[PDB]
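K.L.:
Need coordinates for the below:
(chains A, B, C, D, E, F, G and H, ligands or ions: 6)
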Amino acid sequence: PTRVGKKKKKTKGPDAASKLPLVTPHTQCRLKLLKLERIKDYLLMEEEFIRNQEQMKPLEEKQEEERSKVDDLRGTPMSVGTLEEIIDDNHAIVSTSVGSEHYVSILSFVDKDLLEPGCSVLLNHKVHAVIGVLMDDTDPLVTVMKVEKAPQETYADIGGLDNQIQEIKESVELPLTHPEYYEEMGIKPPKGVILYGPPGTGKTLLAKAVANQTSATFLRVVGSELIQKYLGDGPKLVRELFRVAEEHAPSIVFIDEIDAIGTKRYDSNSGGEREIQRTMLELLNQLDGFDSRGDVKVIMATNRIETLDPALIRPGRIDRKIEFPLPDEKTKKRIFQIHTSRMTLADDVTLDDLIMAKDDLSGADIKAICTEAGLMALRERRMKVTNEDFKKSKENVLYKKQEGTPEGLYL
Amino acid sequence: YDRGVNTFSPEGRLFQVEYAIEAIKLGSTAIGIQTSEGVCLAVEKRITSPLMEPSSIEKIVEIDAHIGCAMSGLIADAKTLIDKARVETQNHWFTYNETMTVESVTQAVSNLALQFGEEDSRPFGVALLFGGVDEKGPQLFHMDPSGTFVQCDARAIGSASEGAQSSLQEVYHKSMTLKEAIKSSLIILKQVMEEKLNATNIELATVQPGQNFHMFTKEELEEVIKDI
Amino acid sequence: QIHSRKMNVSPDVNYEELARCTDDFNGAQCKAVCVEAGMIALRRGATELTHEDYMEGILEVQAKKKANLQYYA
Amino acid sequence: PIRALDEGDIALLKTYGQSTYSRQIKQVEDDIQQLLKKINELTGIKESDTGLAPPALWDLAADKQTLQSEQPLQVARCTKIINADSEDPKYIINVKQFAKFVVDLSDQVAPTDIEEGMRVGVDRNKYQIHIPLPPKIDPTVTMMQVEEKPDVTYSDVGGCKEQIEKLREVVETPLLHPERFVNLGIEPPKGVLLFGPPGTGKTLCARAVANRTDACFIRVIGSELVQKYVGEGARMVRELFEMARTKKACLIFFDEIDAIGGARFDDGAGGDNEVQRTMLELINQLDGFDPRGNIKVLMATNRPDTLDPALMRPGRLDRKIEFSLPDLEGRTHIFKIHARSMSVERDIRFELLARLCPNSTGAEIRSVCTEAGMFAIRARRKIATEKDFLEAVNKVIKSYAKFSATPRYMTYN
Amino acid sequence: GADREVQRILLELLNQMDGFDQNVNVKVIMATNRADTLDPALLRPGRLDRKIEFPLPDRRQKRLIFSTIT
Amino acid sequence: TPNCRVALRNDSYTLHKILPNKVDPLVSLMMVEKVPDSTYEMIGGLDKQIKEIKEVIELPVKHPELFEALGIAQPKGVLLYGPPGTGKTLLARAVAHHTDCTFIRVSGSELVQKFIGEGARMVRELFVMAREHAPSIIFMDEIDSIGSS
Amino acid sequence: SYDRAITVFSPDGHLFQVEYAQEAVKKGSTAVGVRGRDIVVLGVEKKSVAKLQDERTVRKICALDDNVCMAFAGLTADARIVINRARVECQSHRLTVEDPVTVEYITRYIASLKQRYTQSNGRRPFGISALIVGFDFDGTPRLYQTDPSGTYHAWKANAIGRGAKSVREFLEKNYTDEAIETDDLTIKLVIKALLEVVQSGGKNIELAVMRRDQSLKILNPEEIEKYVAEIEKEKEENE
Amino acid sequence: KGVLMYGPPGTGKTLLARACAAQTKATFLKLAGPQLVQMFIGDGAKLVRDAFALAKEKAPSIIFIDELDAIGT
Ligand SMILES: Nc1ncnc2c1ncn2[C@@H]1O[C@H](COP(=O)(O)OP(=O)(O)OP(=O)(O)O)[C@@H](O)[C@H]1O
Ligand SMILES: Nc1ncnc2c1ncn2[C@@H]1O[C@H](COP(=O)(O)OP(=O)(O)OP(=O)(O)O)[C@@H](O)[C@H]1O
Ligand SMILES: Nc1ncnc2c1ncn2[C@@H]1O[C@H](COP(=O)(O)OP(=O)(O)OP(=O)(O)O)[C@@H](O)[C@H]1O
Ligand SMILES: [Mg+2]
Ligand SMILES: [Mg+2]
Ligand SMILES: [Mg+2]
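P.N.:
Numbers count the residues shown, from 1 in each chain, chains lettered A, B, ... in the order given. Ligands and ions are numbered 1, 2, ... in the order given. Shown next is the protein structure:
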């Protein structure tokens, strides 16, 4: 036919948070008192409407004779099995959890179209026959890794990174919101993006900010989540994780610190490194599976790039490599603008002086300065923050790493 | 194996001089054509900054009042070979009252193109084109860091070397004229460079028999560009 | 010549050329030279061999490749 | 001069600064997040499907002809057979997940079709052979023996035609003209491995002649031969090399043989956990059952470490065909490939591009063509210019590859 | 690899000697060759209070070992 | 409930009872259950270091609204360092005695166990066990081990 | 990746030890310089005095002859030798040939001295980069620069030191096609360019000018304070 | 009863041993090296002893061992 199987009959479940990201006074004002009490009104009513929903349903059902007897025709402790192959004569070959394979019958009420090799079924104890097919349900390990809440603030939170923000928005948000541009020239969008650089630069921020403002299903996988010890549990989850990503949305799979799952492929004969390496190999295979990826975007992020397997880094798999350097003396002005916004800044400070004297502190360095200078005002019993608290915060926080320079040698 | 000029390969060879030929490949392109009316010559400047003064970048130097030059590769190696080649023609005039021929210039130049480990240093990183009008008419020659001296009728070196030479064999013949071969040259240049060709990207040099002066074009070059 | 019995070889074979040109070769490689000479004659579709086909087989065994090298006049 | 904070001194901080709206704004935000919770357990919508059928056709099925499948029908398992005996069965059979057993056949069969390496129906208690079954023919081979035309043109992998000419001589010439072999007195070579840099044309030169074969073609996943269960992958590679030698004029393409490879003739081979089950069985059936065959097998990998000299002993594998980089004309051909199918300008020249791509693969050449299009999307364009490609080569090659320090140049012009 | 495995066996030894728990009434007797080599975190008292050097013999102890053997 | 174990009747597989106490294998030295070993006063001569740690543990927990009113994120990580061994443990045991809070002792070398996997997954199983007793302080012994480079 | 000898070519044709010397330039102090209509000028970024030393021995701008100037980067050990050598050559030239030394002749000497010093093993190359300014060759103002490879080269405006790339991009958008006459305007160009310093403290600038007929004129930190005041005053009027 | 063949490469190691039992007919019995190497633990040593004991049951049989340096270490 033209529309064979109508593409797996499957919807997508996106996020449910970002309930109202318009709290825009950001201060002690009666608007935010008025705004949030509106939000309280709509949530109490949606509670009370569904409370009246399970209230005023007089049904008092009586089950059909066919449904009631089949529920007793099947066993009460039904067991979950796995299809392997099919013979259409109302008996096929399935597999148990331990792998014991049985020539069981399949009953003639199972809706005999969903039978595909790999689909999960329900079994009996006496004759182990296929009672009914189970819908494509997964283990609880992957369902934790599906994000429920939009975490944090939007692109206004970050302190000026716009050369690289405009990169990732072209690769992720633009093909979903507006895929007219690509068909105007017949160019496929990029597939994988690696975020790298020195730590404390904002790799995790840009992951959270994209996951804030999106309509995609955002999957959170962190590195060594994905490694287990039951000899097949490694490469099983990659197939399950990208099955979930395929059946659901045009989706975003964020795997963090893939350096813990990939480096240069040594193959010692001991059975400790193979389970790493077999999983390492199949992820790279399931990446370019090419069967039907269905717009699954993959974002990967490490600190060091040099210790990576070059089979990952090559194009065809991953198209974008993005540096996050220690920025400049200019976007520092924006980060000191942002991280000092919600505090009573006294009018004696010149925050440019701190940007002036130094060259290589990061965004996490700035946030630590802003917290420590606030703590120094509490020590000498204040609310506003003088210039001196920033002087003492700069001396206290920074001098722990700075080691090694040839002073006097140059000029 | 290589790591030093005092060492052979099992097959030949160097493996050190081969790497010196590779250092030419990242130079700027340069085309010279030998024609019976005289030898024309062309080069690409590759100017980086507008603050960068353009005439401090030399690609054509004047060896003598009837012999031009063109270089690529390392400038630091080039300024040594230009310095001797002016002296060698000058000593020859001092002891013979005549002009050294274009072929025998490069013999004196190649005699320390090959001295790099032959004492009792590294090889140079520069290829040269020598054009001139001696008593056998106009001549064009070419050398290399291996000192292999040869005569060419129309040569192009630097980067875009192979891309020029394939296109340059298409249009050359024996019965060219000088004004034909100048505009035949810069057609190849704008095909192989990356910028729009103007009066600031290139420069010319022509030597004629009766015109031993003026191995150069000075903003008559603007007239040749619109004659494309 | 024992290993070249089973194929069409041109009967213009100088084994004195084949004796001295071989150096640091075992009979495993000497069998390999004969087969590689026959495979190159299959590439051009020629029915016969030559000593140059063995010399081309010599270049194929230890993966040599020549050119003009502009040091050598 | 350090002082810490007394209990009255806490009350100075906690009081000052909007003492009218402080808790007033806060507990509204506090209990609404409590209310986000209290909706969610109140909703709890989740429901099952359990895969039933509409009762138009199964109500008569749900009669006693379910119990006739409950109590008369059985629960027999499947196994494999090691071997047999003469005049009396004494068959040796592995569950292999349970133990291996010495069993009998049941009375419902004939002892003919109980041959070795066969799926059979096994009793739960007495372990007798009830029904011989097929080896599950045929999704173990034909699901990768696709016998379907792939969408790769002969003009796609242009520029490396001599490496194609090697492969066109090795593969095509015995399969369609084993006649000049008789007219000359030769036999074709029957072993070629591929190795070299990644993204060079390995799968392309495979799939291009898989398009130009009009015949059986098999692509083999490297991790497919790696299995979870011990003694399962060897059983698969049995079934692949048996039912591929049946029909004529077929091709098998091994790919990413790093997982199944390694030198076993040399210092290592101290492995022997389900990788060597696949490996020792394939090298068993690679020779032995192949004098003068019809099905050619090609291997391809990125790592030249995993070469087996026992494979490279002749009889298994003969020729080292590797792939290389294009000189210039191969590259300029490839730029025309990846730019003819997109909205370009009719005046750009590509020989200027391949000057700027000294050591690069067609994977990178494709990446430039996509990236240059991405610069056209940045502004409002619908056709690419010359400088769109020029920024792309700078973005790809002159940024991450083996050249840096561009401003300090001033030694070469 | 595996040299930090040696180094962490030190750290587990240092923890279960002077951690929080202060396992009372257990006694530790150690004996080495040349002990200038080893870790100063061992040699701090509270952990390895007693430092006892054995000389070879000297005179008047050669007499005593001569007596006890003969 | 998340990670909810249930009592299952072993014959017919019926839910006998909701089991409490979600899975906590090998949490023995965690939540020490006996604090008194050394007091707050018997240290001496380290008063500035005592004041800073109380400002980062007791001050954010006893009065969180001070940092909320000031508008900075509260800190959570403290690295103690001293070369010879000078009071590194007493000051931890004093806080262990004087916090009135859930206190976790992890001498970190006990997360290596033997297996691929298992040595990592309990770290995830550690912080959820600290999230259950939600005011919490977790202590590391001797990060010259795991955490090197 | 052999980077441990100076007479070896890379297989793509490089001399990395020459290339590593120019990285040592980038840890040096910045210095800029333009040529004007008649008065040339150059400025440096002077580092902070450490409160307990004399500052007449931290000299970064020197004169070779009575009409040619010098500004460098890199490391002061190798800089002192090249200065002391070039003072001899511009003096010995005057003895052998009775002219004053042109600004083009002395840069060829410094470059050729750095040239022949590169080629032999056991001679670690000079990790400095010089700026040579002089309106000496018959009323014609010129400025050149050098390079640790030994390539003298002529610009019209220049920047070296740490983050010179910001300054060189700054000058191309700032050095007008209007040749800045009224030479305090030309000094106001450099002081504004060095006002885009790595730190721009305002009190950390030393500018040196030459009106093509006088000697070297080191400015004073009251006259230089006057020019910094009018730059901020004229910039406030632009709003 | 133990005579060892060795040289730079083969074609002369196998080839001379191929020449040995070609004209000596006393129940030749070849055996290769990594054919002993199995995933089966000990069936290297089982196959070593059982083939030797089988060759002991034959009266004139000599034993060949091919690439013993694969375990000769
Ligand atoms: N450019 C920035 N603008 C604003 N805040 C920043 C910036 N960079 C870092 N921060 C602050 O630093 C914190 C940590 O940043 P983040 O962890 O995303 O960097 P990272 O590169 O992911 O570091 P790591 O790789 O070590 O996790 C953030 O919470 C953020 O508040
Ligand atoms: N020589 C070439 N000619 C034309 N296109 C090429 C060439 N090399 C690479 N390409 C481009 O790269 C892709 C082919 O890469 P290829 O399939 O060879 O990778 P691979 O060798 O399978 O990589 P790996 O070995 O790492 O799996 C094609 O999409 C094509 O666009
Ligand atoms: N500043 C101090 N005040 C009082 N007692 C101290 C002090 N420093 C050390 N001690 C004594 O030293 C003993 C060990 O102290 P502790 O366990 O802190 O060593 P440590 O600093 O943990 O060493 P390390 O971390 O190197 O193992 C304790 O019994 C304690 O009484
Ligand atoms: Mg992070
Ligand atoms: Mg591939
Ligand atoms: Mg301690």
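
K.L.:
Leaving out the residues flanking it, which one is nearest to residue B:206?
P.N.:
residue B:40 (4.6 Å; CB to CB, 6 or more residues apart in numbering or on different chains). For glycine as for every other residue, the C-beta is placed from the backbone atoms N, C-alpha and C.

K.L.:
So residue 49: helix, strand or coil?
P.N.:
Picking chain A for this. helix (DSSP: H, G, I helix; E, B strand; the rest coil).

K.L.:
that's the wrong chain, I meant chain H
P.N.:
Going by three-state DSSP: residue H:49 is helix.

K.L.:
For residue D:116, see how far away the nearest residue to residue D:285 once chain neighbours are set aside is.
P.N.:
Once flanking residues are discounted, residue D:285 sits nearest to residue D:241: 4.5 Å by CB to CB, 6+ apart. Per CB to CB, to the nearest Å, residue D:241 is found 16 Å from residue D:116.

K.L.:
would residue A:116 count as being in a strand?
P.N.:
No: applying three-state DSSP, one finds residue A:116 to be coil, outside a strand.

K.L.:
What are the phi and psi values at the closest residue to it other than its chain neighbours?
P.N.:
In space, and not counting its chain neighbours, residue A:116 is closest to residue A:83: 7.2 Å by CB to CB, 6+ apart. Dihedral pair for residue A:83: phi -70, psi 140, per degrees, to the nearest 10.

K.L.:
Repeat that for the one 10 residues further on.
P.N.:
Taking degrees, to the nearest 10, you get phi -120, psi 120 for the backbone angles of residue A:93.

K.L.:
do the same with the one 3 residues further on
P.N.:
With angles defined as degrees, to the nearest 10, residue A:96 shows backbone torsions of phi -80, psi -170.

K.L.:
In contact with it, which residues?
P.N.:
With contact set as CB atoms under 8 Å, 6 or more residues apart in numbering or on different chains, residue A:96 has these partners: A:79, A:81-82, A:102, A:123, A:128.

K.L.:
Do a quick rundown of the helices in chain H.
P.N.:
Secondary structure of chain H (DSSP state H): helices located at H:14-23, H:43-57.

K.L.:
Compare residue D:241 and residue D:116 (neighbour count), which wins?
P.N.:
residue D:241 (20 against 11; other CB atoms under 10 Å in any protein chain shown).

K.L.:
In this structure the more buried one contacts residue D:288, no?
P.N.:
No: here residue D:241 lies out of contact with residue D:288, judged by CB atoms under 8 Å, at a distance of 10.2 Å.

K.L.:
Buried ones in stretch B:15-25, by neighbour count?
P.N.:
In terms of neighbour count (16 or more other CB atoms under 10 Å in any protein chain shown), stretch B:15-25 has its buried residues at B:15-25.

K.L.:
Please narrow those to those residing in helices.
P.N.:
Using DSSP H, the buried residues of stretch B:15-25 in helices are B:17-24.

K.L.:
Reformat the residues you listed into TSV and put distance to residue G:87 next to each item.
P.N.:
Below are these laid out as TSV (distance: CB to CB, whole Å):
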residue	distance to residue G:87
B:17	41
B:18	44
B:19	39
B:20	37
B:21	41
B:22	40
B:23	35
B:24	38
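
K.L.:
if we look at chain C, which of those are close to it?
P.N.:
With CB under 8 Å from any CB of the partner chain as the criterion, those include residue B:17 near chain C.

K.L.:
sec struct for the residue in the stretch 1-150 of chain D positioned nearest to ligand 3, please.
P.N.:
Proximity to ligand 3, evaluated over the stretch 1-150 of chain D using CB to the nearest ligand atom, is greatest for residue D:2 at 18.6 Å. Recorded secondary structure, residue D:2: coil (three-state DSSP).

K.L.:
and it, what does it touch?
P.N.:
Going by CB under 8 Å, 6+ apart, residue D:2 touches A:379, F:48, F:51.

K.L.:
Show the buried residues in those residues.
P.N.:
Among the contacts of residue D:2, those scoring as buried are residue A:379 (criterion: 16+ other CB under 10 Å).

K.L.:
about what we covered before: measure the residue of the stretch 1-150 of chain D closest to ligand 3 to residue A:388 for me?
P.N.:
Distance from residue D:2 to residue A:388, by CB to CB: 16 Å.

K.L.:
And for residue G:227?
P.N.:
Counting by CB to CB, the gap from residue G:227 to residue A:388 is 33 Å.

K.L.:
now do residue G:12
P.N.:
Taken as CB to CB, the span from residue G:12 to residue A:388 is 55 Å.

K.L.:
If you count surrounding residues, which of residue G:227 and residue A:388 has more?
P.N.:
Looking at residue G:227 and residue A:388 with other CB under 10 Å, you find the greater number of neighbours at residue G:227, namely 18 against 14.

K.L.:
secondary structure element for that one?
P.N.:
helix G:223-237 (DSSP states H and E).

K.L.:
Pull out the C-alpha coordinates of that helix and format them as PDB.
P.N.:
Presented in PDB, the C-alpha positions along helix G:223-237 are these (Å, rounded to 0.1, in the frame of the first residue of the first chain):
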ATOM      1  CA  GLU G 223      50.200  66.600  29.800                       C
ATOM      2  CA  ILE G 224      49.200  63.000  29.100                       C
ATOM      3  CA  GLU G 225      46.500  63.500  31.800                       C
ATOM      4  CA  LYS G 226      45.300  66.500  29.900                       C
ATOM      5  CA  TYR G 227      44.800  64.500  26.700                       C
ATOM      6  CA  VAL G 228      42.900  61.700  28.600                       C
ATOM      7  CA  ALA G 229      40.500  64.400  30.000                       C
ATOM      8  CA  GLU G 230      39.600  65.800  26.600                       C
ATOM      9  CA  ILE G 231      39.000  62.300  25.200                       C
ATOM     10  CA  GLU G 232      36.300  61.600  27.800                       C
ATOM     11  CA  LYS G 233      35.000  65.100  27.400                       C
ATOM     12  CA  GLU G 234      34.600  64.900  23.600                       C
ATOM     13  CA  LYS G 235      33.100  61.400  24.000                       C
ATOM     14  CA  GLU G 236      30.400  62.700  26.300                       C
ATOM     15  CA  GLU G 237      29.400  65.300  23.700                       C
END
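
K.L.:
Next, see if that helix gets close to chain A.
P.N.:
No: using CB under 8 Å from any CB, helix G:223-237 stays clear of chain A, with a minimum separation of 14.5 Å.

K.L.:
Which elements pack onto that helix?
P.N.:
helix G:184-193 (3 or more CB pairs under 8 Å, 6 or more residues apart in numbering or on different chains; DSSP states H and E).

K.L.:
Which neighbours in the sheet does the helix or strand that comes right after the helix it packs on have, and how are they oriented?
P.N.:
Counting by DSSP H and E, the next helix or strand C-terminal to helix G:184-193 is strand G:206-210. Using DSSP bridges, the strands paired with strand G:206-210 are strand G:40-44 (antiparallel), strand G:217-218 (antiparallel).

K.L.:
In CSV: those strands, plus distance to residue C:4 and mean neighbour count.
P.N.:
What follows is these, written out as CSV (distance: least, CB to CB, whole Å; neighbours: other CB atoms under 10 Å in any protein chain shown):
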stretch, distance to residue C:4, mean neighbour count
strand G:40-44, 81, 24
strand G:217-218, 91, 12
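
K.L.:
Looking at these, spot the one closest to residue A:276.
P.N.:
strand G:40-44 (56.2 Å; CB to CB).

K.L.:
any idea how far that closest one is from the chain center?
P.N.:
Centroid separation for strand G:40-44 versus its chain: 8 Å, with CA atoms, centre = their mean, to the nearest Å.

K.L.:
and the next helix or strand after that strand, what other elements does it pack with?
P.N.:
Downstream of strand G:40-44, the first helix or strand assigned by DSSP H and E is strand G:61-63. Helices and strands touching strand G:61-63, by 3+ CB pairs under 8 Å, 6+ apart, are strand G:69-72.
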